[PDB]
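What's in target_26.txt: compact mmCIF, C-alpha atoms (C1' of nucleotides) and all ligand atoms
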# COMPACT_ATOMS: atom_id res chain seq x y z
CA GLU A 1 91.74 97.95 89.72
CA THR A 2 91.49 94.16 89.91
CA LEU A 3 91.26 93.17 86.30
CA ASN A 4 94.61 94.56 85.66
CA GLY A 5 96.04 93.85 89.08
CA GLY A 6 98.56 90.93 88.67
CA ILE A 7 100.13 92.75 85.80
CA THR A 8 100.44 95.88 87.68
CA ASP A 9 101.81 94.43 90.71
CA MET A 10 104.31 92.24 89.06
CA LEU A 11 105.49 95.30 87.20
CA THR A 12 105.70 97.38 90.31
CA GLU A 13 107.74 94.66 92.03
CA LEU A 14 109.85 94.68 88.82
CA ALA A 15 110.13 98.35 88.81
CA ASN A 16 111.02 98.39 92.48
CA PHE A 17 113.64 95.86 92.19
CA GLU A 18 115.51 97.81 89.63
CA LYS A 19 115.42 101.04 91.46
CA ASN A 20 116.99 99.58 94.68
CA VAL A 21 119.09 96.42 94.15
CA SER A 22 120.27 97.77 90.86
CA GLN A 23 121.05 101.27 90.07
CA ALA A 24 118.66 101.32 86.98
CA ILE A 25 116.32 104.35 87.25
CA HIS A 26 115.48 104.06 83.54
CA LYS A 27 114.24 100.45 83.64
CA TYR A 28 112.79 101.37 86.70
CA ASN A 29 111.06 104.13 84.97
CA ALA A 30 110.08 101.78 82.25
CA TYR A 31 108.30 99.49 84.59
CA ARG A 32 106.24 102.34 85.93
CA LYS A 33 104.63 104.22 83.18
CA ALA A 34 103.82 100.84 81.85
CA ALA A 35 102.48 99.64 85.12
CA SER A 36 100.86 103.05 85.07
CA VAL A 37 99.06 102.77 81.68
CA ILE A 38 98.23 99.08 81.88
CA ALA A 39 96.48 99.95 85.08
CA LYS A 40 93.98 102.24 83.36
CA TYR A 41 93.39 99.74 80.58
CA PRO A 42 89.69 99.04 80.42
CA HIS A 43 89.87 95.44 79.65
CA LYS A 44 91.50 92.31 80.73
CA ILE A 45 94.95 92.32 79.19
CA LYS A 46 94.95 89.09 77.41
CA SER A 47 98.30 88.75 75.88
CA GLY A 48 101.35 90.76 75.50
CA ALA A 49 100.59 92.05 72.08
CA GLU A 50 97.42 93.40 73.33
CA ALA A 51 99.33 95.06 76.05
CA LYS A 52 102.02 95.99 73.66
CA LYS A 53 99.73 98.31 71.67
CA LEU A 54 100.07 100.46 74.65
CA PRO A 55 102.14 103.50 74.91
CA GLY A 56 105.05 102.64 77.18
CA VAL A 57 104.74 99.01 76.42
CA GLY A 58 107.72 97.69 75.01
CA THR A 59 108.76 94.52 73.60
CA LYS A 60 110.51 93.68 76.90
CA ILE A 61 107.68 94.18 79.27
CA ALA A 62 105.25 92.43 76.96
CA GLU A 63 107.46 89.37 76.99
CA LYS A 64 107.15 89.36 80.71
CA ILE A 65 103.46 89.75 80.59
CA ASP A 66 102.97 86.69 78.54
CA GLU A 67 104.95 84.49 80.84
CA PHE A 68 103.00 85.84 83.75
CA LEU A 69 99.64 85.34 82.06
CA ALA A 70 100.60 81.99 80.72
CA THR A 71 102.21 80.75 84.07
CA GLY A 72 101.06 82.29 87.39
CA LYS A 73 104.63 83.27 88.07
CA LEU A 74 107.65 84.97 86.54
CA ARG A 75 111.29 83.77 86.54
CA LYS A 76 113.14 86.95 87.06
CA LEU A 77 110.56 87.49 89.68
CA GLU A 78 111.06 84.21 91.57
CA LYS A 79 114.80 84.52 91.17
CA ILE A 80 114.80 88.13 92.62
CA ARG A 81 112.53 87.23 95.47
CA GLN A 82 114.94 84.42 96.26
CA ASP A 83 118.28 86.33 95.83
CA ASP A 84 119.74 86.78 99.24
CA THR A 85 121.60 89.80 98.12
CA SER A 86 118.60 91.61 96.88
CA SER A 87 116.63 90.30 99.88
CA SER A 88 119.14 92.00 102.13
CA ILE A 89 118.98 95.45 100.53
CA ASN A 90 115.27 95.19 100.70
CA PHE A 91 115.50 94.45 104.34
CA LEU A 92 118.28 96.84 105.61
CA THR A 93 116.39 99.47 103.94
CA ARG A 94 113.78 99.34 106.72
CA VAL A 95 115.95 101.16 108.99
CA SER A 96 114.93 104.75 109.11
CA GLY A 97 118.17 106.20 107.95
CA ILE A 98 118.92 103.57 105.50
CA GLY A 99 118.11 104.00 101.90
CA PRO A 100 119.00 102.06 98.82
CA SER A 101 122.43 103.52 98.57
CA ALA A 102 123.62 102.80 101.87
CA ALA A 103 121.73 99.51 101.80
CA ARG A 104 123.89 98.27 98.92
CA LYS A 105 127.10 99.40 100.54
CA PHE A 106 126.28 97.67 103.92
CA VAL A 107 125.93 94.53 102.01
CA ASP A 108 129.01 95.15 100.00
CA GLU A 109 130.89 95.21 103.19
CA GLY A 110 128.77 92.36 104.38
CA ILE A 111 126.22 93.84 106.84
CA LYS A 112 123.18 92.00 105.86
CA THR A 113 121.36 91.54 109.07
CA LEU A 114 120.19 93.64 111.82
CA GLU A 115 122.73 92.06 114.05
CA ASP A 116 125.55 93.01 111.70
CA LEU A 117 124.21 96.29 111.96
CA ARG A 118 124.55 95.98 115.61
CA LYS A 119 128.21 94.96 115.68
CA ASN A 120 128.88 97.69 113.33
CA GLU A 121 127.07 100.49 114.80
CA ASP A 122 130.29 102.41 114.16
CA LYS A 123 129.47 102.39 110.49
CA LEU A 124 126.09 104.02 111.00
CA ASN A 125 125.24 107.76 111.41
CA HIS A 126 123.23 109.22 114.19
CA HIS A 127 119.93 109.05 112.27
CA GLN A 128 120.39 105.37 111.42
CA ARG A 129 121.66 104.93 114.91
CA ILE A 130 118.40 105.90 116.25
CA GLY A 131 116.92 103.94 113.40
CA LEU A 132 118.60 100.84 114.55
CA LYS A 133 117.89 101.47 118.24
CA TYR A 134 114.09 101.78 117.89
CA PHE A 135 113.81 99.38 114.95
CA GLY A 136 110.86 97.57 116.54
CA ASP A 137 108.92 100.60 117.82
CA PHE A 138 109.45 102.18 114.52
CA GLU A 139 107.46 99.67 112.70
CA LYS A 140 104.50 99.73 115.06
CA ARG A 141 101.18 101.35 114.42
CA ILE A 142 100.07 104.16 116.64
CA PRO A 143 96.76 103.43 118.43
CA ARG A 144 94.67 106.58 118.26
CA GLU A 145 94.02 105.89 121.98
CA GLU A 146 97.74 107.07 122.42
CA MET A 147 97.44 109.63 119.72
CA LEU A 148 94.97 111.34 122.09
CA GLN A 149 97.58 111.16 124.86
CA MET A 150 100.48 112.53 122.90
CA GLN A 151 98.32 115.10 121.19
CA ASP A 152 97.18 115.99 124.53
CA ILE A 153 100.59 116.56 125.83
CA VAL A 154 101.90 118.43 122.92
CA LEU A 155 99.23 120.98 123.11
CA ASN A 156 100.00 121.89 126.62
CA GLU A 157 103.49 122.62 126.40
CA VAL A 158 102.91 124.51 123.18
CA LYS A 159 100.47 126.75 124.83
CA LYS A 160 102.55 126.63 127.95
CA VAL A 161 105.50 128.30 126.35
CA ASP A 162 103.71 130.93 124.45
CA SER A 163 99.98 131.18 124.16
CA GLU A 164 100.29 132.52 120.70
CA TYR A 165 101.21 129.14 119.34
CA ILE A 166 98.64 127.50 117.17
CA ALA A 167 99.12 123.78 116.61
CA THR A 168 97.57 120.92 114.77
CA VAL A 169 98.19 117.31 114.57
CA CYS A 170 97.39 116.54 110.98
CA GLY A 171 97.35 113.19 109.24
CA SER A 172 95.01 110.22 109.70
CA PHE A 173 94.74 111.18 113.17
CA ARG A 174 92.96 114.39 112.22
CA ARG A 175 91.00 112.27 109.74
CA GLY A 176 89.61 110.13 112.58
CA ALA A 177 91.78 107.12 111.63
CA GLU A 178 91.81 104.31 114.27
CA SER A 179 95.67 104.48 114.23
CA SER A 180 98.47 106.31 112.72
CA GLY A 181 102.09 105.68 111.68
CA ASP A 182 103.85 108.85 113.02
CA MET A 183 102.61 112.00 114.63
CA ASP A 184 102.45 115.13 112.38
CA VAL A 185 102.23 118.28 114.40
CA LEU A 186 101.83 121.51 112.13
CA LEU A 187 102.80 124.71 113.63
CA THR A 188 102.88 128.44 113.28
CA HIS A 189 102.76 131.61 115.09
CA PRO A 190 101.58 135.11 114.30
CA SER A 191 104.96 136.62 114.68
CA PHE A 192 106.00 134.37 111.69
CA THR A 193 104.75 134.88 108.15
CA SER A 194 105.74 134.98 104.43
CA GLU A 195 108.01 138.06 104.70
CA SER A 196 108.75 138.60 108.45
CA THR A 197 112.24 137.26 108.41
CA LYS A 198 111.80 134.04 110.41
CA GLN A 199 112.25 133.47 114.12
CA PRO A 200 114.03 130.06 114.36
CA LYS A 201 113.82 130.08 118.09
CA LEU A 202 110.09 129.81 117.43
CA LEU A 203 110.64 126.19 116.51
CA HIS A 204 113.46 125.71 118.91
CA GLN A 205 111.62 126.92 121.99
CA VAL A 206 109.05 124.24 121.78
CA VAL A 207 111.36 121.53 120.85
CA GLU A 208 113.06 122.43 124.03
CA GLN A 209 109.92 122.36 126.04
CA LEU A 210 108.65 118.92 124.87
CA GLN A 211 112.07 117.60 125.56
CA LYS A 212 112.25 119.44 128.85
CA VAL A 213 109.47 117.37 130.10
CA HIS A 214 110.80 114.21 128.31
CA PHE A 215 108.30 113.89 125.53
CA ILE A 216 110.94 114.15 122.90
CA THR A 217 113.78 111.74 123.52
CA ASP A 218 115.69 111.69 120.41
CA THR A 219 116.49 114.14 117.83
CA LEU A 220 116.63 112.62 114.28
CA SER A 221 117.05 116.06 112.79
CA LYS A 222 116.31 119.55 113.87
CA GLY A 223 116.40 122.52 111.39
CA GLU A 224 115.18 126.07 111.71
CA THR A 225 111.82 125.02 110.48
CA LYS A 226 111.55 121.38 110.57
CA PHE A 227 112.13 119.30 113.63
CA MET A 228 112.12 115.45 113.16
CA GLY A 229 112.44 113.25 116.31
CA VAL A 230 111.43 110.46 118.73
CA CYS A 231 109.06 110.71 121.59
CA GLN A 232 107.49 108.52 124.19
CA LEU A 233 104.59 108.61 126.53
CA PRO A 234 105.34 108.33 130.03
CA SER A 235 105.35 105.00 131.39
CA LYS A 236 102.71 105.25 134.12
CA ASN A 237 103.18 103.28 137.17
CA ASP A 238 105.55 100.56 136.02
CA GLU A 239 104.62 97.36 134.21
CA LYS A 240 103.81 98.98 130.90
CA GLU A 241 106.25 101.37 129.09
CA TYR A 242 105.53 103.21 125.84
CA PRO A 243 106.79 102.38 122.41
CA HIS A 244 109.19 105.08 121.17
CA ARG A 245 107.46 107.05 118.40
CA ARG A 246 108.25 109.03 115.34
CA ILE A 247 107.37 112.64 115.46
CA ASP A 248 107.64 115.73 113.20
CA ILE A 249 106.93 119.22 114.14
CA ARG A 250 106.97 121.89 111.37
CA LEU A 251 107.15 125.70 111.73
CA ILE A 252 104.89 127.79 109.57
CA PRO A 253 104.42 131.25 108.45
CA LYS A 254 101.00 131.77 109.89
CA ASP A 255 99.99 133.30 106.61
CA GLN A 256 99.74 129.81 105.09
CA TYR A 257 98.87 127.45 107.85
CA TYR A 258 95.40 126.56 106.54
CA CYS A 259 96.48 125.36 103.18
CA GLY A 260 99.37 123.54 104.63
CA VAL A 261 97.07 122.13 107.16
CA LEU A 262 94.45 121.31 104.61
CA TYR A 263 97.05 119.68 102.65
CA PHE A 264 98.78 117.51 105.18
CA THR A 265 95.33 116.46 106.35
CA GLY A 266 94.78 114.56 103.11
CA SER A 267 93.77 112.18 102.06
CA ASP A 268 95.82 111.74 99.02
CA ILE A 269 92.67 111.68 96.96
CA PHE A 270 90.69 114.29 98.79
CA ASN A 271 93.44 116.69 98.14
CA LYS A 272 93.73 115.87 94.61
CA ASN A 273 90.03 115.84 94.11
CA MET A 274 89.68 118.99 95.95
CA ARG A 275 92.57 120.35 93.96
CA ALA A 276 91.15 119.44 90.60
CA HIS A 277 88.00 121.14 91.64
CA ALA A 278 89.44 124.64 92.42
CA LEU A 279 90.63 124.54 88.72
CA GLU A 280 87.30 124.57 87.15
CA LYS A 281 86.17 126.94 89.86
CA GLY A 282 88.92 129.27 88.55
CA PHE A 283 91.69 128.56 91.08
CA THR A 284 94.80 126.87 92.08
CA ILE A 285 95.74 125.17 95.38
CA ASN A 286 99.00 123.87 96.73
CA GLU A 287 100.85 123.10 99.95
CA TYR A 288 100.80 126.76 100.99
CA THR A 289 98.18 128.92 99.28
CA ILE A 290 95.33 129.36 96.86
CA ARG A 291 95.54 131.63 93.86
CA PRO A 292 92.99 133.01 91.45
CA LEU A 293 93.40 131.59 87.96
CA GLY A 294 93.98 133.74 84.75
CA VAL A 295 92.63 132.76 81.30
CA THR A 296 95.98 133.60 79.57
CA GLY A 297 96.70 130.06 80.50
CA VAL A 298 97.95 130.88 84.04
CA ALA A 299 98.20 133.70 86.57
CA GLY A 300 99.30 134.69 90.16
CA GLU A 301 97.84 136.48 93.27
CA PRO A 302 97.48 134.57 96.74
CA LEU A 303 94.01 134.68 98.20
CA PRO A 304 93.52 135.31 102.02
CA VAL A 305 93.02 132.33 104.37
CA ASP A 306 91.59 132.22 107.86
CA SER A 307 90.52 128.62 108.08
CA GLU A 308 89.91 125.33 106.34
CA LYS A 309 86.67 127.07 105.57
CA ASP A 310 87.80 130.13 103.48
CA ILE A 311 89.49 127.66 101.25
CA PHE A 312 86.26 125.56 101.03
CA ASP A 313 84.36 128.72 100.33
CA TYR A 314 86.77 129.87 97.71
CA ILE A 315 86.19 126.94 95.56
CA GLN A 316 82.62 127.17 96.69
CA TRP A 317 82.46 123.67 98.11
CA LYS A 318 80.70 122.07 101.08
CA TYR A 319 82.93 122.03 104.25
CA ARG A 320 84.18 118.53 104.61
CA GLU A 321 84.87 117.40 108.11
CA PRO A 322 88.25 115.90 108.36
CA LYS A 323 86.64 112.60 109.24
CA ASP A 324 85.07 112.65 105.83
CA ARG A 325 88.09 113.93 103.83
CA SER A 326 88.77 110.26 103.23
CA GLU A 327 88.30 110.59 99.37
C1' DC B 1 109.79 118.79 96.29
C1' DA B 2 111.47 120.68 99.79
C1' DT B 3 114.42 120.51 103.96
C1' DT B 4 118.36 118.36 106.69
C1' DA B 5 122.93 115.57 107.40
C1' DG B 6 127.01 114.58 105.97
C1' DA B 7 131.21 114.50 103.86
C1' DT C 1 128.97 121.83 97.01
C1' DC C 2 126.45 117.55 95.94
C1' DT C 3 124.29 113.44 97.22
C1' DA C 4 121.18 110.76 100.46
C1' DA C 5 117.23 110.07 103.13
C1' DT C 6 112.51 111.69 105.08
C1' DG C 7 108.34 113.37 104.27
CR CR D 401 103.08 111.07 109.34
NA NA D 402 103.45 100.32 72.24
NA NA D 403 114.67 103.36 105.39

Turn the structure described in the file into structure tokens.
Ligand SMILES: [Cr+3]
Ligand code: NA
Ligand code: NA
Amino acid sequence: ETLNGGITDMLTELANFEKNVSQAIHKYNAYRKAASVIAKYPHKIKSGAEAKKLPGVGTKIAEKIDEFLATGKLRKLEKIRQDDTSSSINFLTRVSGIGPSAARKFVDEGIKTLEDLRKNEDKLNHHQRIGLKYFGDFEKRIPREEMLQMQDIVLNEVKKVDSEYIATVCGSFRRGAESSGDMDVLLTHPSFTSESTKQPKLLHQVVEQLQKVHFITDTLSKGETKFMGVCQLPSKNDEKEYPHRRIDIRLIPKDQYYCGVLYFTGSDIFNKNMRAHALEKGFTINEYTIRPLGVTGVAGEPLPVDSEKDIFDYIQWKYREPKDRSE
DNA sequence: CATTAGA
DNA sequence: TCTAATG
């Protein structure tokens, strides 16, 4: 956690670098299980060999470890960090829309900077177009103070279109969290469950509403179940406008909201921990349901959910307020 | 790990 | 169809 830290992080940087700048998934994979195992190691790694004894620790990695332990740096590391080319892919990548692949190509053609991106907007696709447009606002945190405002709006139109809509803004925001990155609104409706052959419009109607009133301003990607866009809080009485924000609304078969909700609420650990728990307690939990476990090793059969509760109950746990789902 | 764009 | 990018 801190005794193995430097090693891990160097490794992760290492790992990372392969995966993007280079097209080396394998090495990249190498760096991770290693960085994975060495992390759990109960003692201060003190030399490569020591490290080496470890499963996943090759001769190569070890060699790096020594040089890092011996000298507070790493060459390949300093050299990467420096390397303008790699620097660029690492950068371009920030654009929502851009990924490693396209990052390398942009470079290959010469677009290293944001500006280049500008002059060559032609070369970018609508997603990345919006990516480039709101570059700044995309990086910004979302003050819960605003979360309340957006959340507020979203609920109204939802209900305003059809009262049957249920809707939750999941994420850190649900978890209290002073700020959040993007807004996750979960959604469902009775008339839409497991079997009941969809009702696309379901999603569509709202998307239309929120836009209608100018909440949603940009569409990054709308599907029959997953809408992904840009929104922005009304700019009051001029002098202060709102930063354009990332937003995702997802349609759900009401017969699996809860789990889904539970799930997206997090945290990463609470889930996991909660998940591991249901196991002993003879169950299984995942993004959409909770099934009773069978001794034959495994088994099916989806239990019935009415609220975050039922689930809690099932595994016979103590209801954890979102606020406290932190771990 | 599943859902969308695009080509 | 597959291949990228988001989550
Ligand atoms: Cr989010
Ligand atoms: Na080994
Ligand atoms: Na990106």

May I have the residues within 12 Å of residue 18 in chain A as a PyMOL selection string, using all atoms listed in the file and disregarding those fewer than 4 positions away in the same chain? chain A and resi 11-14+22-32+76-77+80+86+89-90+100

Would you give the centre and edge lengths, in Å to one decimal, of a box along x, y and z around the listed atoms of range 1-6 of chain B, with 3 Å added to each side, as AutoDock Vina command-line options?
--center_x 118.4 --center_y 117.6 --center_z 101.8 --size_x 23.2 --size_y 12.1 --size_z 17.1

Report as a list in words which protein, DNA and RNA residues come within 12 Å of ligand NA 402 (chain D), using only C-alpha atoms (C1' of nucleotides) and all ligand atoms.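 If we count only C-alpha atoms (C1' of nucleotides) and all ligand atoms, the neighbours of ligand NA 402 (chain D) turn out to be residues 33, 34, 37, 38, 48, 49, 50, 51, 52, 53, 54, 55, 56, 57, 58, 59, 60, 61 and 62 of chain A.
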
Could the residues of chain C within 9 Å of chain A, counting all atoms listed in the file, be given as a PyMOL selection string, please? chain C and resi 4-6

With a distance cut-off of 9 Å and all atoms listed in the file, select the neighbouring residues of residue 3 in chain B, excluding the residue or stretch itself and same-chain residues fewer than 3 positions from it, and output the selection as an mmCIF file with C-alpha atoms, keeping the file's coordinate frame.
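Done, and the output landed in result.cif:
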data_model
loop_
_atom_site.group_PDB
_atom_site.id
_atom_site.type_symbol
_atom_site.label_atom_id
_atom_site.label_comp_id
_atom_site.auth_asym_id
_atom_site.auth_seq_id
_atom_site.Cartn_x
_atom_site.Cartn_y
_atom_site.Cartn_z
ATOM 1 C CA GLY A 223 116.400 122.520 111.390
ATOM 2 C CA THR A 225 111.820 125.020 110.480
ATOM 3 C CA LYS A 226 111.550 121.380 110.570
#

For a quick check of understanding, using only C-alpha atoms and all ligand atoms, which of A:154, A:233, A:161, A:247 has the smallest distance to ligand CR 401 (chain D)? A:247

Around ligand CR 401 (chain D), out to 10 Å and counting only C-alpha atoms (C1' of nucleotides) and all ligand atoms, which residues are there? I want them as a PyMOL selection string. (chain A and resi 169-173+180-185+246-248+264-265) or (chain C and resi 7)

Quick check, in Å to one decimal: how far apart do CA of residue 309 in chain A and CA of residue 191 in chain A lie?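 These two atoms are separated by 22.6 Å.
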
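Taking CA of residue 285 in chain A and CA of residue 197 in chain A as endpoints, the distance between them is 24.3 Å.
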
Find the residues of chain B that sit at most 10 Å from chain A; for each, write down the nearest two atoms and how far apart they are in Å, to one decimal. Count all atoms listed in the file. Sort by chain, then by number going up, and give it as a Markdown table.
| residue | atom | partner | partner_atom | distance |
| --- | --- | --- | --- | --- |
| B:3 | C1' | A:226 | CA | 7.3 |
| B:4 | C1' | A:223 | CA | 6.6 |
| B:5 | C1' | A:221 | CA | 8.0 |
| B:6 | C1' | A:125 | CA | 8.9 |

What is the CA of residue 115 in chain A-CA of residue 103 in chain A distance in Å, reported with one decimal?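 A separation of 14.4 Å between them.
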
Can you pull out the residues contacting residue 44 in chain A? Cut-off 12 Å, using all atoms listed in the file, and skip same-chain residues under 5 positions away; I want them as an NGL selection string. :A and (1-8 or 38-39 or 50-51 or 69)

Env of residue 134 in chain A: 10 Å cut, atoms = all atoms listed in the file, seq-sep filter 6 positions within chain, self excluded. Answer as an NGL selection string. :A and (95-96 or 128 or 230 or 243-246)
